[PDB]
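For reference, the chain that follows is the form deposited in one PDB entry, supplied as structure tokens.
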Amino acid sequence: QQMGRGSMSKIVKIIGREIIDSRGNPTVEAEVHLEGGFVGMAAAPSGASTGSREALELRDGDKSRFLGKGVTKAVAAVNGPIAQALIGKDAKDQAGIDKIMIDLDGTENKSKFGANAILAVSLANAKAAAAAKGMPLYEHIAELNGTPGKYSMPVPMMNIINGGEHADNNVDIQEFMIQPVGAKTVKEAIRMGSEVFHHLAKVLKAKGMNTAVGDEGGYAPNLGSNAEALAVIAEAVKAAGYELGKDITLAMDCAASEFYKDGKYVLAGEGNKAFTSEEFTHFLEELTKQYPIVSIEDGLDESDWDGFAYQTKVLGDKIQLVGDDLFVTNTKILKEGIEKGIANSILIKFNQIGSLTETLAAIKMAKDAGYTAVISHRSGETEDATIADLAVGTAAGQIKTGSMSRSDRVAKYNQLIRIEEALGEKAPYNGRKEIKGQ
């Protein structure tokens, strides 16, 4: 007899704009407005060590604005043709909305409008549709995911010591992370992260080392080896009153594609030694023997599938092996990885593929195969906390959203705290059990 406003979920307006990300580079933000007055707003993140098979960002390449990194053309895609194609459509139909943008762009890698333009609209849409349905984003996402009412709070892998490309040290491994698997709630996990992070600063200050931070809020001190990184962390964990290996485990992102040349892995700060696939795998195995490293990400080059089959054979029963640049959140690639015994986990980055619908498809493929899914940030982030709702709504079980500093990271932890406060034990923090091989 009376039609409520929630039923008026047709798109009446889409606005795009150029804003600034956490590294000072432009990004695209979109607003999606519905007939009933609901609005969602979202922005695209941006990677610094991008896989070669990622969907493509659209930048302007004008050297007189933002050193060629403007996104005014992606913004005009949002305001002109994306807007045109979606006005009149039901935001609640996420898949239909995404399919429209994908077909209109027409390219394999979203190179006409940019995966940045398309993703920002895909996420803003989902938020507008959640508002129209009278629910928080995490709840809407679970329904779009095919898993209505099923939540978990994820176990975070928190970056605290950095190496590799553009880190003034002899550390080759791009990220060393702590995971507070002994916490009972995500709120306690976050407190634990914070305590270790502040104790690490004290440790590094006592060694004379630098405590300024990188892109992800963690430290990049002048260390002498990949091993010294694991030791300062061990020292910080103990000063915080926690036990390495039962309260807190360790995870790594090697970003090994960055040090792979002419078929060998070159460890620039490890006497500059060169390694085969098989040898770099054994170098990693030994590290997991000396330290409670339970997860290793991109331990070989994104094209070294023979090498990944062997790493999975050696380490996979015991260690989570996370493909990032390996799978680029792409179902066509993940599929083949699964069929070939390649890795046992996937890092989920929605701007690697460019839409929410295809991101949920990757999570689903992974879970169907017994692979774990770790929801992730990019180096370039914004104040947007969408990956927190996403992690909870897909019950992914793990998240990777930075150190315990910079609001580009901390906003996601804050949102995890608001969501857990609301769900309580309807969103269990499962701890060590989430991690492939425990």
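When you see a residue number, it is the position in the sequence shown, counting from 1. Only the largest set of C-alpha atoms that superpose within 1.5 Å between the two forms is called the rigid core.
Beyond the structure shown, there is the form deposited in another entry, which is absent from this document and is the topic of what follows.
inquiry  = Listing 40, 26, 380, 51 as candidates, which single one shows a C-alpha movement of 2 Å or greater between this form and the one not shown when the core is held fixed?
reply    = Single residue meeting the criterion: 51.
key: Distance direction in the other form for the C-alpha atoms of residue 50 and residue 397, relative to the displayed form (3 angstroms or more)   = The answer is farther, because the C-alphas of residue 50 and residue 397 separate from each other in the other form by 3 Å or more.
request  = Say whether the C-alpha atoms of residue 49 and residue 214 sit closer together or farther apart in the other form than in the form shown here, given that their separation changes by 3 Å or more.
outcome  = Result: farther.
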